[PDB]
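In what follows, a structure is listed as structure tokens, so that the remarks can point back to it.
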Amino acid sequence: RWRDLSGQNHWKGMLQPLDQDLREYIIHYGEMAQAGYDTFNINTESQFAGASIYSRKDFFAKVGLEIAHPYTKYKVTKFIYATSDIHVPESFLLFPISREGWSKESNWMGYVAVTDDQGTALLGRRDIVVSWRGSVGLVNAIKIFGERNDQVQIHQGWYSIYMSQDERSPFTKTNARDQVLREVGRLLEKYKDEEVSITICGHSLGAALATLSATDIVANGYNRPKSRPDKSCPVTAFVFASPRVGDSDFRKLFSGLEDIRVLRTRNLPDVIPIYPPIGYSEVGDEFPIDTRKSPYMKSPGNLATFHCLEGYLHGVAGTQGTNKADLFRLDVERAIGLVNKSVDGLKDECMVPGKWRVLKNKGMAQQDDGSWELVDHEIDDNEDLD
Amino acid sequence: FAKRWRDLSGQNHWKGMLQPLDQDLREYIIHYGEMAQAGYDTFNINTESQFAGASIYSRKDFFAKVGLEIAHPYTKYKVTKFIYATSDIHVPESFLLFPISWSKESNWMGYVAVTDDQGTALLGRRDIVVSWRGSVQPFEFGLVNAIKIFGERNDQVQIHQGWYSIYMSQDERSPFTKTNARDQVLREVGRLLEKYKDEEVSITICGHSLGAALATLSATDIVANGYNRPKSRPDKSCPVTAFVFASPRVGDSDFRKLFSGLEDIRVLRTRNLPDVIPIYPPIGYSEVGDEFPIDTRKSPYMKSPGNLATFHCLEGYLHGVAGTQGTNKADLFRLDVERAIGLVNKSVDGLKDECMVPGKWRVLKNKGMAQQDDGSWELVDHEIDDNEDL
């Protein structure tokens with residue numbers, strides 16, 4: 001069923017009520033996005049703030065997506081880094097308080113992964129995943145979409161993060177876009193003789209990047225191996241709590257694209273998906289949920305609670321529709337405690353501690369010689385894999 | 001250490017060993033200080049957990065769990081028993097902490113340990129350690145008559161009501177404090193003394209803040225009532241020494257008089273000059289024992305200006321001991337033992353931000369939340385230990 005699960009028919013008849021396979025599928029990719037949050041170092045008191053904690057090796061095992069995750073059989077092949085030519089909120093780019101850490105202007109911004117042979121059998125094809133890390137004025141986008149599309153405009157923030165470079169940086173000397181295009185290109189070429197898909201996921205900031213990236217790829221025909229320009233693969237973005245990305249011309253361009261599909265999951269009480277409230281259009285198919293229907297969620301919630309990704313995945317796990325009279329019931333075995341990674345989101349009744357995601361001792365570790373060092377980063381040169 | 005132990009343990013009141021600070025004593029003080037800090041490192045302060053107020057770790061390999069094995073060749077002790085306490089009167093959350101929702105009125109209050117055969121060789125004798133857990137987290141306690149502790153012969157001695165309550169109170173309904181913290185400690189120290197009656201033995205008691213008041217009280221109790229002798233050998237008393245840190249005051253002038261008349265007791269009160277806790281209660285109390293002043297404001301590593309929490313914290317104290325060269329304006333400060341400065345930040349943002357050590361870094365991975373074999377996520381912040389006699 002993978003082609004329909006990936007939106008071949010725009011998820012028609014699969015959303016209300018929610019198809020059980022799709023429920024698990026959506027969570028599967030949403031977890032891909034969440035992994036971004038779980039490796040991202042947000043400790044501004046560390047020299048590695050803004051970097052990944054974990055290396056590519058056994059990445060998914062390290063972020064808790066191995067145990068009881070028989071479908072998450074992917075190898076991370078490349079880490080993605082981004083910068084910005086203009087000032088942006090700390091939620092987008094975060095830096096060591098030192099101002100002299102691992103990088104002055106760049107952040108780990110996501111990863112590119114692919115199914116191994118086992119995952120390929122399980123998902124029914126070779127799945128290339130690009131996962132964009134999320135949130136901790138309009139500009140002309142010709143440099144992206146070409147003269148033929150010279151009326152398309154994009155959110156200045158999303159554009160800057162996607163397109164900016166730091167010439168002095170080993171990380172962002174090439175922009176996030178090109179890093180991604182290059183690695184997806186290598187994967188497409190390697191598996192050109194095989195059924196392939198590209199899946200792109202992201203939450204909040206990551207959702208705007210997932211949407212931009214996907215449109216870019218399809219509109220510029222990067223969804224084809226260079227050796228086989230005759231062979232396009234499906235590109236579909238699973239995005240969560242997506243702000244708006246472009247203007248009406250962006251939508252027009254989007255709407256004319258054969259090979260693209262976007263499923264925007266929206267939590268009704270979450271206001272982020274409304275921004276920017278003026279001059280922007282949404283793209284893709286929408287899937288509304290409402291976490292206020294969960295008896296596990298604290299009432300009343302707040303900005304952070306309504307927005308948080310694990311909240312979103314808890315909603316997908318249990319949603320039975322958003323009408324007043326609809327049920328809420330967990331139809332997959334998804335630990336409710338996951339909600340509290342980054343918020344105090346559950347009813348205190350649940351007795352799960354709030355905001356529990358942290359390295360042991362924040363990464364401080366006793367060494368063989370009895371010294372104590374901050375070890376919150378695994379070494380990875382991020383060199384192309386063979 | 002083995003050769004000098006009796007002097008290191010205060011036989012001569014540390015005369016001529018404090019200013020300037022004797023190098024062996026510097027390491028000795030830190031070694032017991034670390035015994036107290038281990039209490040903080042094993043105490044669950046997460047009030048959102050059902051185990052708040054309990055120990056995270058079991059007795060087994062206790063010291064390796066709290067980071068006192070690597071590069072700690074002199075810390076070869078076995079923890080034999082966990083100690084629990086309650087209070088008949090209301091006391092601050094810093095004293096007894098409870099789940100927001102394992103126990104309704106008790107907290108893990110410390111442990112009793114002894115040096116194994118290796119440790120014994122290393123420390124020059126069989127050292128029995130009693131370590132009292134201290135003040136955590138963030139009613140004008142009066143003085144109570146302590147007859148029930150020191151007997152009618154000592155009927156004028158008065159003790160801080162809070163220290164007394166924590167030391168002597170019981171919860172009949174509880175498997176943990178059906179007997180009070182005092183009795184739990186006396187009974188296990190008794191067992192150990194009897195076991196090692198035929199060898200040279202010592203009792204060392206340590207504590208910081210609340211734990212320091214308890215350490216002082218319990219030491220005086222044990223010596224004044226002659227609990228420092230095996231039951232089988234009433235003729236053999238061992239030295240009892242308390243290494244206490246940031247000690248509030250414990251008793252009145254009669255408590256001091258009783259204390260001052262005791263052969264076998266020694267107390268070294270390390271005091272951080274900018275730390276105001278050791279001044280409390282400011283009225284009607286006397287201090288006991290020998291004093292050792294340090295001043296962490298002299299450290300170039302410590303954030304300036306400090307605050308209540310910074311001046312008081314135990315690791316701050318141990319950093320001060322590690323580098324003190326006197327408290328005069330002109331005295332040096334220089335680390336004369338290899339003690340990681342990052343230890344200062346276990347429970348505070350105490351170091352200069354320049355040091356680039358994250359503040360308040362002590363925490364279980366994911367606060368103890370852990371993925372299970374079946375893919376569920378549970379709060380696992382407690383190791384099972386029935387605490388039965390070994």
Task: Search result, residues across the stretch B:26-42 that are surrounded by fewer than 21 Cβ atoms within 10 Å (Cβ to Cβ) and more than 14 Å from chain A (Cβ to nearest Cβ) - done: B:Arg26
- [ ] Take A:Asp127 and decide whether it is acidic (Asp, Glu) and within 30 Å of A:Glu195 (Cβ to Cβ).
- [x] yes
- [ ] Please enumerate the residues belonging to the stretch B:35-61 that are among the acidic types (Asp, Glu) and either assigned to a loop (DSSP other than H, G, I, E, B) or more than 19 Å from the chain's Cα centre (by Cα) (or both).
- [x] B:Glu48, B:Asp61
Open item on the list: Just to be sure before I move on: is B:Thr241 farther than 13 Å from B:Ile159 by Cβ, outside any loop (DSSP other than H, G, I, E, B) and out of contact with any helix residue (DSSP H, G or I) (no Cβ under 7 Å at 6 or more places or on another chain) in the structure I sent?
Closed with: yes
- [ ] Restricting attention to the stretch B:107-137, report how many residues are crowded, with 18+ Cβ neighbours inside 10 Å and part of a loop (DSSP other than H, G, I, E, B).
- [x] 6
- [ ] Go through (1) part of a helix (DSSP H, G or I); (2) surrounded by fewer than 22 Cβ atoms within 10 Å (Cβ to Cβ) one by one and return the number of the condition A:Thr211 breaks.
- [x] (2)
Open item on the list: For the stretch A:246-271, give me each residue that is in a helix (DSSP H, G or I) and buried (at least 20 other Cβ atoms within 10 Å of the Cβ).
Closed with: A:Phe250, A:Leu253, A:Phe254
TODO: Those residues that are crowded, with 21+ Cβ neighbours inside 10 Å and closer than 21 Å to A:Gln179 by Cβ, I need them from the stretch A:94-106; list them, please.
DONE: A:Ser103, A:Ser106
- [ ] For the stretch B:318-330, state whether one or more residues are over 20 Å from the mean Cα position of the chain (by Cα), under 30 Å from B:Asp252 (Cβ atoms) and not basic (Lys, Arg).
- [x] yes
TODO: Report yes if A:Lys341 is buried (at least 17 other Cβ atoms within 10 Å of the Cβ), within 23 Å of A:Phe59 (Cα to Cα) and touching a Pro at 6+ places or on another chain (Cβ under 8 Å), otherwise no.
DONE: no
Open item on the list: Go through (1) crowded, with 17+ Cβ neighbours inside 10 Å; (2) charged (D, E, K, R); (3) under 21 Å from the mean Cα position of the chain (by Cα) for B:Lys78 and report which single condition fails.
Closed with: (1)
- [ ] Sort out which residues of the stretch A:52-92 are of a type in the set (S, T, N, Q) and away from every other protein chain (no Cβ under 14 Å), and write them in order of number.
- [x] A:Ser52, A:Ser55, A:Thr77, A:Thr83, A:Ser84, A:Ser91
Open item on the list: Quick check on this structure: which one of A:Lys173, A:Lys143 is outside any helix (DSSP H, G or I) and not polar (S, T, N, Q)?
Closed with: A:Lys173
TODO: Hey, can you tell me all the residues within the stretch B:63-105 that are in contact with a helix residue (DSSP H, G or I) (Cβ under 6 Å, 6 or more places away or on another chain), part of a loop (DSSP other than H, G, I, E, B) and either within 19 Å of B:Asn387 (Cβ to Cβ) or basic (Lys, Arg) (or both)?
DONE: B:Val66, B:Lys76
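Condition check: part of a helix (DSSP H, G or I) and under 20 Å from the mean Cα position of the chain (by Cα). Does B:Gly190 satisfy that?
Yes; evaluated as a whole, the condition is true for this residue.
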Open item on the list: I need a count of the residues in the stretch B:238-258 that are closer than 13 Å to B:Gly10 by Cβ and within 13 Å of the chain's Cα centre (by Cα).
Closed with: 4
Open item on the list: Please go through the stretch B:214-229 and give me each residue that is surrounded by fewer than 24 Cβ atoms within 10 Å (Cβ to Cβ) and hydroxyl-bearing (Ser, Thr, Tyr), ordered by number.
Closed with: B:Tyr227
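Note: ideal-geometry Cβ built from the backbone for every residue, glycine included; neighbour counts use all protein chains shown. Where a number appears in this text, it was derived from the coordinates with a stated rule and is not lab data.
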